[PDB]
Amino acid sequence: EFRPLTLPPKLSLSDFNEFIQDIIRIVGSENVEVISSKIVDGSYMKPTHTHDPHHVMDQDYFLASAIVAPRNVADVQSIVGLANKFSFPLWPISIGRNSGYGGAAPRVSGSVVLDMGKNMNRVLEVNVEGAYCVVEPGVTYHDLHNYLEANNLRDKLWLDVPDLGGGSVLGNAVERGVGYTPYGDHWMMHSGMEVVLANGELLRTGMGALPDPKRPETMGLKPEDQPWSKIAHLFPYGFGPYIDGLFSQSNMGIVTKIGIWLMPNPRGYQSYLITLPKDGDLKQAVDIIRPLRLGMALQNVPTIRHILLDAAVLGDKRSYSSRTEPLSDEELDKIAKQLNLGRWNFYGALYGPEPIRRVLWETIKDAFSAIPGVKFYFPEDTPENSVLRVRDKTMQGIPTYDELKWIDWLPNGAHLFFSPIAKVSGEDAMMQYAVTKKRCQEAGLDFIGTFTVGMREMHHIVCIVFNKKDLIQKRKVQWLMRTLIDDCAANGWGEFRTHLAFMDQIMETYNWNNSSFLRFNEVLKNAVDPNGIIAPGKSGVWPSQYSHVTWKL
Amino acid sequence: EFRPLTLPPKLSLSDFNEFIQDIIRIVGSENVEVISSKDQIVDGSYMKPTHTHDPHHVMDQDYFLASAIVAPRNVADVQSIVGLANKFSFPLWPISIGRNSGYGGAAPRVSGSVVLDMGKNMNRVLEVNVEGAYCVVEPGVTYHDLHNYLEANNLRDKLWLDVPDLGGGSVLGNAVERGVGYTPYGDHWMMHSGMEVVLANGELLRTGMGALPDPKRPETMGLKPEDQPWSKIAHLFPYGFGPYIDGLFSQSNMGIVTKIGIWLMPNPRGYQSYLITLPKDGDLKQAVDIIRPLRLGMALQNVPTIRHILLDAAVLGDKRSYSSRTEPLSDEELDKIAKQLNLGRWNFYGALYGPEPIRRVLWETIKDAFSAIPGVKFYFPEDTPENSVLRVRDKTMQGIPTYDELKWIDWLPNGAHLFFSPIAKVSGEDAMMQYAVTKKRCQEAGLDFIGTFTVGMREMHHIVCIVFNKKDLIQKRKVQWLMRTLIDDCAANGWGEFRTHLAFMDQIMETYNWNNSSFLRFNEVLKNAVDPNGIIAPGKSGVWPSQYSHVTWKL
Amino acid sequence: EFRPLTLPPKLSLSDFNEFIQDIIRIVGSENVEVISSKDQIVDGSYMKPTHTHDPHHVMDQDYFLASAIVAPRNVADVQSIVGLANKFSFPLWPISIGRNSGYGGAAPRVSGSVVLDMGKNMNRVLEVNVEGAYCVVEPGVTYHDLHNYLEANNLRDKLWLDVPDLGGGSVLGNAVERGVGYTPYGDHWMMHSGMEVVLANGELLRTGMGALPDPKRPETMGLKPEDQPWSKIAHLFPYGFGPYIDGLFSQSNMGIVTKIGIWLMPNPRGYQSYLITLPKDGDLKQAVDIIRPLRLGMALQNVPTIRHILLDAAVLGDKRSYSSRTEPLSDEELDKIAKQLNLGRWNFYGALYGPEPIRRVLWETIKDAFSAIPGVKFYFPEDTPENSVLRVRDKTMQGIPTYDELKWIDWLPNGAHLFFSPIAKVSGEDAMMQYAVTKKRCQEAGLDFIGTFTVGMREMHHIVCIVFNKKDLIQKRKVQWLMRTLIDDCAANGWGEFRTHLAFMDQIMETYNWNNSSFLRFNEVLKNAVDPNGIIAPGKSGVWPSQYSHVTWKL
Ligand SMILES: *Cc1cc2c(cc1C)nc1c(=O)[nH]c(=O)nc-1n2C[C@H](O)[C@H](O)[C@H](O)COP(=O)(O)OP(=O)(O)OC[C@H]1O[C@@H](n2cnc3c(N)ncnc32)[C@H](O)[C@@H]1O
Ligand SMILES: *Cc1cc2c(cc1C)nc1c(=O)[nH]c(=O)nc-1n2C[C@H](O)[C@H](O)[C@H](O)COP(=O)(O)OP(=O)(O)OC[C@H]1O[C@@H](n2cnc3c(N)ncnc32)[C@H](O)[C@@H]1O
Ligand SMILES: *Cc1cc2c(cc1C)nc1c(=O)[nH]c(=O)nc-1n2C[C@H](O)[C@H](O)[C@H](O)COP(=O)(O)OP(=O)(O)OC[C@H]1O[C@@H](n2cnc3c(N)ncnc32)[C@H](O)[C@@H]1O
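Chains as they are written, first to last, in the deposited numbering: chain A, 6 to 43, 46 to 560; chain B, 6 to 560; chain B', 6 to 560. A prime marks a further copy of an entry chain.
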């Protein structure tokens with residue numbers, strides 16, 4: 006509780022010590038860790056909460072003065088009123104496995120990272136008839152999966168998981184994360200949420216604003232402990248202004264609870280793989296997809312994975328090639344052959360009773376048969392190490408950590424995400440792939456990515472892997488991402504999600520009518536948090552105390 | 006114009022004229038009607054909606070009243086009018102079409118406001134994109150309009166609509182209200198992406214991927230913001246980057262909406278409407294229970310509906326065609342009406358979509374499922390008389406605008422509807438309790454219960470169709486009592502209301518008072534941030550800006 | 006007057022009339038024209054400049070539009086008008102003569118502003134001092150005016166002017182814009198000392214040694230500030246003591262300039278104009294390289310110029326006199342035009358000044374220097390046909406106003422110019438790259454490249470002469486695209502623009518965004534300090550005072 010590496014802006018060593026003393030008294034020093042020593048990157052099992060584990064900037068560039076971990080909601084309210092008093096900026100995390108996007112690191116160096124999930128980790132409710140659950144920030148996907156297994160529940164309810172099962176359900180959902188079942192759109196499938204505002208008051212959204220009737224057993228409970236109205240997590244909208252969205256990808260409050268819809272057991276499942284021989288086959292693949300996914304033949308969020316993405320799960324670059332320079336079109340085709348895979352590979356799944364799956368499979372099979380050399384497999388038709396057998400788990404909400412392995416492609420693996428949005432049009436996908444690829448090869452990187460598919464849009468997750476001891480390769484990775492953002496905005500593709508180092512540049516792409524969108528958000532931001540306390544800079548939304556000349560990247 | 010019926014608060018007749026002078030000089034005289042006489046406050050009809058007051062008046066006819074009507078030509082005029090309203094601190098009340106009958110019509114909350122008719126002159130279908138399966142509309146594009154525009158382009162073989170019970174509504178307007186359709190695309194609000202707004206400060210704003218600008222190119226140069234094209238992804242993906250602000254402008258007074266992107270369902274390549282009659286009054290409980298898993302599993306694809314017998318019977322006749330009885334029809338009489346029309350006491354309407362192998366399976370499932378109920382009969386449109394409700398809902402559940410549902414408003418003489426719209430769990434017990442509360446209060450007030458459960462995913466909108474004689478000033482007072490009581494009864498049992506009439510907005514938002522009205526105090530902070538002068542629709546959804554006395558204006 | 010075409014922001018028609026009433030009562034009716042009809046927005050000519058809108062309109066003709074024209078008699082009226090504009094918060098847009106065609110003409114940035122015609126009635130040459138070699142002028146003193154005044158006093162044997170390409174411009178006006186002449190005294194702004202200004206607060210101010218007051222004496226008593234004489238050193242030495250503030254009032258909206266002191270070159274005692282033809286398109290690279298050291302060494306005394314063949318050819322004829330071709334002339338055709346007129350593809354115009362022993366040496370140097378190029382031919386005015394451009398520039402490079410250059414605006418039917426004016430290093434490679442960017446975009450838009458490098462000391466102003474048919478609404482949109490693209494291309498290669506049209510002011514200042522628009526945020530702080538009410542020319546050079554929404558008004 007004395008001397009930290011960095012402090013937040015305009016702030017005296019007296020004040021920090023005075024602040025963190027009061028905190029160390031509120032939550033006990035078990036739950037306080039001041040950052041005093043010259046900050047290790049940590050693992051997925053025990054993630055760092057100090058700085059960016061997959062640093063593309065300098066390692067120390069995003070740096071927490073401390074880490075606080077409240078026991079409950081009250082302590083959050085207390086910490087905030089203290090933050091307000093000292094004009095001490097916060098940075099909420101749920102779990103802090105948001106690697107690829109900066110992890111648990113704050114934008115403003117000197118901030119407290121508020122580890123919400125360390126203690127607040129209860130699966131508050133799983134509800135079978137409403138087909139929902141209510142979770143705190145500390146509930147991971149494996150955790151929630153576990154809860155279902157210990158109560159014999161996957162007979163009745165399945166999850167939706169991102170590629171790894173370690174993320175926060177709460178946390179992923181407010182970043183508008185994505186999965187790969189029919190409930191892949193995580194933000195969409197929320198209903199009812201609790202929030203500590205910058206002023207310390209508790210606000211519950213949607214039908215959660217309708218209080219549960221007064222009665223003997225719940226009488227005298229604190230707000231944070233009060234139960235929800237019956238409809239709270241069944242109907243997202245409530246009455247009047249639908250505000251829920253003000254707390255997604257924002258710095259408008261601290262989220263303490265949330266309802267998530269769970270898809271009930273289909274009563275029949277079957278994943279599949281479709282390999283696409285040629286690199287050119289993508290255009291035609293996306294054109295066939297468009298009306299299949301619009302039609303609800305492709306019921307889940309399906310995904311077109313580049314060859315190197317599959318290859319990188321199975322081994323590192325070394326295990327394929329000894330070369331420094333990026334792999335050629337010829338060498339990729341060999342790997343395709345070495346694995347019994349296409350230059351692109353379409354993973355997907357069927358849901359519901361046998362006769363329905365029969366009709367959609369028939370059509371998907373003949374639909375795709377339009378492409379020369381196409382082939383079809385189920386899990387059983389593939390090698391026991393094959394990716395399909397992993398994604399077979401993913402696409403029914405069984406968590407896996409197998410997908411982590413492609414980070415190791417290069418030694419000292421870090422990922423960085425460039426994630427623009429395209430039309431579900433072969434022409435658009437290809438013109439975007441070609442922009443991405445051009446810049447990757449200029450930057451000396453192997454192109455790795457997916458095109459994942461929503462209803463009418465395609466998230467093109469580009470998977471930038473780099474050696475983080477290699478200071479040259481970072482410098483040009485930084486160039487790659489800054490160039491690709493400016494490029495894709497020059498063909499009308501925006502990014503839906505990013506890393507801390509780019510939130511300013513990306514928000515500047517969204518500058519229709521002289522940055523009208525951002526100007527409106529600032530007004531909202533400064534309205535609800537006068538003292539600029541909560542996560543300044545998040546999504547490039549700066550409160551009025553942060554001058555845009557010192558602080559915009 | 007010189008001498009209006011009411012003025013808005015804190016404002017002199019000299020100022021109204023200076024204000025309307027400067028406005029007739031912007032929009033033109035054609036586009037301004039000033040309500041200067043009791044000739045102008047006439048209820049009119051659905052085909053010609055009054056734009057001055059509540060046509061379906063539960064309060065005094067003239068309680069909610071406009072000083073004047075102003076039909077902006079285009080978005081610039083709105084920017085201009087907002088700027089002027091700010092200068093004169095003149096409250097505005099935006100509408101798109103103004104058929105929000107049952108929830109106040111076109112009337113403003115604050116008497117003396119300008120009803121800003123957004124759809125008189127902003128009524129173009131700006132875009133229909135087939136490969137994206139979406140359209141872009143300005144405020145005045147009705148359902149029948151958008152529908153016609155599809156027929157005029159031989160597009161229905163590719164794209165279908167989603168319609169509410171009546172085809173005259175604004176696509177734009179209903180969406181922001183979160184109205185309810187009856188195909189898969191029924192949640193009209195969900196099915197939006199990218200929308201344009203004039204703020205209280207006059208600035209133009211586009212949400213989602215609208216904020217990403219369509220790249221410069223020669224043919225788009227020198228265009229006024231409102232007339233610029235959109236990005237590739239504006240209407241393909243609603244979130245964009247950063248805070249998702251779209252919800253701030255649904256059921257709110259934070260902006261004036263100029264354009265919206267709406268998704269359209271593609272033509273399913275096969276369709277089959279159907280009706281399942283549920284014999285006894287009590288068959289509702291078992292029915293909901295059967296409906297729950299099939300909706301959750303997506304065996305029920307559309308937004309199906311469970312229609313109380315009087316709803317269907319009111320479509321086919323007014324009350325005096327059935328009883329010539331003053332009091333509300335007995336249980337014993339409700340059955341004879343049902344036997345007379347070959348209907349159940351509850352009636353379940355629904356549609357199957359897709360290729361016929363798939364539809365057949367889903368029908369096998371639904372039919373076997375419902376067969377658990379004693380007496381159940383199934384029908385396709387084909388199997389019922391021409392006048393039947395199913396042939397209307399056959400059209401409704403594949404996006405075709407109709408107007409047949411109007412008839413039920415004439416249940417009583419001088420008939421007007423009012424909707425009390427509480428939400429419920431998809432649970433027989435919960436559905437039945439709510440119904441029991443509702444029905445008991447309807448008897449207590451001397452009204453025939455009429456209503457419908459529209460089944461969302463995890464959730465039912467129980468629409469309660471209050472039909473009253475609007476010349477009967479004793480019935481109004483009972484209706485008001487009925488509404489104010491039911492809000493409290495249903496709040497006392499944990500059911501919220503998703504949508505209301507102007508007169509009940511403040512009471513309804515008073516039920517959302519978890520943690521000492523925390524949700525309202527937050528919306529108030531936001532409102533005052535973005536509309537310092539309280540120009541836009543003060544009192545919409547209980548949200549009063551700081552100039553309005555909560556003591557004086559709440560109800 | 007009662008009903009103008011546009012009004013300024015946030016302002017009622019009642020206020021405009023109260024404001025113009027009080028003004029007709031100050032200046033007089035003769036000095037106020039109110040733009041109340043579409044008869045008044047006529048482009049007119051160079052000899053009679055419209056003072057209401059952009060005569061050379063790339064936007065809609067009426068995008069930039071005045072509410073009214075006001076011709077103050079004298080400095081008091083300005084103090085009065087400023088005071089009143091402040092009271093009514095009425096934006097003003099000062100002009101001296103209003104021939105800023107190619108950069109917006111006399112139009113204001115904010116539609117509805119008062120164009121304040123400073124040179125109608127303040128047009129005296131206040132002083133010509135021979136021993137100091139300087140003059141003092143009010144706003145309305147054109148070049149031809151000042152020139153005539155020298156002939157009327159048999160002064161040319163002692164003092165010469167410096168003129169831009171056209172003699173109708175304001176000496177005052179061009180200087181504050183930093184226009185460019187073509188003798189040694191070409192940097193018109195450099196060549197100023199001591200200037201008088203009315204501030205936004207009404208107070209009168211004199212810069213440099215103007216702030217040192219001319220000592221009291223009997224014949225100067227009781228004079229109104231504006232009519233007081235100046236100090237000995239006011240116009241001999243520009244700095245004075247303390248902060249040098251003169252730059253705050255060039256290309257800015259910080260003041261209204263009432264008087265300026267300008268230095269005049271003495272008669273050199275010998276002069277010789279000349280033209281050097283550079284045969285091939287590519288001879289530009291070698292040429293610049295030769296020009297660099299000779300300019301730096303002062304072997305090239307004046308501001309010489311490198312004129313693209315079409316510039317000279319456009320002076321001699323419109324496009325239909327050469328091709329009757331829609332598309333832009335090919336490289337192969339540009340050569341035949343050059344052979345037809347005994348000219349190079351580039352053409353270098355220049356002058357030698359001083360006593361003949363000195364001129365001869367400098368010509369020996371220049372001639373030998375340029376001889377490095379294959380094909381080079383030299384000429385004196387004498388050696389060319391009467392119609393030639395050199396006889397015009399012979400007059401231009403010794404201060405004589407002409408109007409022959411006007412012809413090139415008629416290259417196309419309904420022709421209007423627009424200047425894109427990026428800066429470059431005096432380096433062949435850099436000159437050539439910039440030219441390659443510019444030319445490529447001109448082809449991409451379907452325009453003939455026409456342009457000129459005017460060589461400063463270390464620096465070249467590459468003036469790009471965009472001629473377009475102003476009735477062709479497809480070409481305007483291409484021109485706009487051309488301009489907005491080129492700003493970005495040239496910013497992407499480190500070239501800034503020194504001067505622009507109203508429509509491109511905000512984009513251009515957006516390139517000056519080093520350190521998160523630090524230079525603009527500073528100028529904004531200053532602006533708001535000195536003009537709290539945002540009265541003076543809001544939006545000049547991208548500088549918006551705090552009342553204007555940057556969201557709404559930027560382009
Ligand atoms: C490395 C990697 C990452 C990854 C992935 C595959 C690999 C190999 N696949 C992903 C996928 O398929 N889908 C997806 O959405 N993300 C994927 N990622 C990224 C990441 O693993 C996941 O998104 C992960 O679930 C996110 O991490 P976590 O859940 O730990 O999130 P967080 O750091 O706690 O939160 C991120 C930010 O959100 C704001 N935040 C979080 N909690 C709160 C609360 N309670 N209140 C207010 N704001 C909150 C903060 O801005 C925080 O930094
Ligand atoms: C009488 C009746 C009504 C009815 C119905 C059946 C009958 C017999 N069935 C309905 C149904 O199945 N589903 C449904 O959603 N509504 C149903 N109704 C009610 C009504 O007919 C419809 O909701 C109708 O579409 C709404 O009317 P309209 O489309 O005319 O909308 P509005 O009255 O113009 O707008 C209502 C409110 O919306 C806000 N608003 C509208 N436009 C704007 C803009 N541009 N900017 C800002 N706000 C806007 C205002 O709050 C306005 O008061
Ligand atoms: C069409 C054309 C234009 C042209 C040219 C050749 C042709 C064919 N060659 C030029 C050249 O060689 N050098 C040059 O500098 N300019 C050339 N031009 C452009 C134009 O003709 C001249 O620049 C001309 O002298 C400018 O017109 P004018 O002298 O009329 O100036 P203005 O329009 O009245 O003023 C322009 C702006 O200046 C500010 N201003 C002017 N007076 C005041 C006062 N008193 N106070 C405050 N500000 C003032 C305003 O910003 C005004 O908008």
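In this text, a Cβ means the ideal position worked out from N, Cα and C, and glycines have one as well.
{"query": "Residues that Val530(B') contacts on chain A, provided the C-beta gap is smaller than 8 Å", "result": "Result: empty, since nearest Cβ-Cβ is about 12 Å, beyond 8 Å."}
{"query": "Anticipated Cβ contact below 8 Å, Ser106(B) with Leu177(B), distance rounded", "result": "At roughly 17 Å, the Cβ-Cβ gap does not stay under 8 Å, so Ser106(B) and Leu177(B) are not in contact."}
{"query": "The segment 326 to 334 of chain B contacting the segment 392 to 408 of chain B, beta-carbon criterion three pairs below 8 Å", "result": "no"}
{"query": "Selection from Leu299(A), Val366(A) and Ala239(A) that minimises the alpha carbon distance to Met465(B)", "result": "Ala239(A)"}
{"query": "Near-chain B residues of the segment 90 to 110 of chain A - C-beta to any C-beta below 7 Å", "result": "none"}
{"query": "Segment contact, 8 Å Cβ cut-off, at least three pairs: the segment 412 to 429 of chain B' with the segment 458 to 474 of chain B'", "result": "yes"}
{"query": "CB contact check: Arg446(B') to chain B, cutoff 8 Å", "result": "no"}
{"query": "Per-residue DSSP class, three states only, for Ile455(B)", "result": "coil"}
{"query": "Residue closest to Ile250(B'), alpha-carbon to alpha-carbon, out of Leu280(B'), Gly539(B') and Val535(B')", "result": "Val535(B')"}
{"query": "Limits of the alpha helix (DSSP H) - the one that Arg104(A) falls within", "result": "From DSSP, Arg104(A) is part of no alpha helix (DSSP H); its letter is neither H nor E."}
{"query": "Residue range of the unbroken beta strand (DSSP E) whose run includes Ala356(A)", "result": "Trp351 to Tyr358"}
{"query": "When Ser19(B'), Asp317(B'), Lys475(B') and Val381(B') are compared against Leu423(B'), the one with the closest alpha-carbon", "result": "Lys475(B')"}
{"query": "Per DSSP, cross-strand counterpart(s) of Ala73(A)", "result": "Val39(A) and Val119(A)"}
{"query": "According to DSSP, residues forming a beta bridge with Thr147(A)", "result": "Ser175(A)"}
{"query": "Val83(B') versus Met52(B') - alpha carbon distance", "result": "26 Å"}
{"query": "Under 8 Å between C-beta atoms of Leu217(B') and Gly245(B')", "result": "yes"}
{"query": "Coil, strand or helix - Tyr440(A) by DSSP", "result": "helix"}
{"query": "Among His149(B), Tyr279(B), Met214(B) and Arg8(B), nearest to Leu305(B) - alpha-carbon criterion", "result": "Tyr279(B)"}
{"query": "Neighbourhood of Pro550(B) by C-beta distance below 7 Å, restricted to the same chain and skipping five residues each side", "result": "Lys532, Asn533, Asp536, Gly539 and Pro543"}
{"query": "Amino acids of chain B, ordered along the chain, whose beta-carbon sits closer than 7 Å to that of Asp232(A)", "result": "None at all; the shortest Cβ gap to chain B is about 12 Å."}
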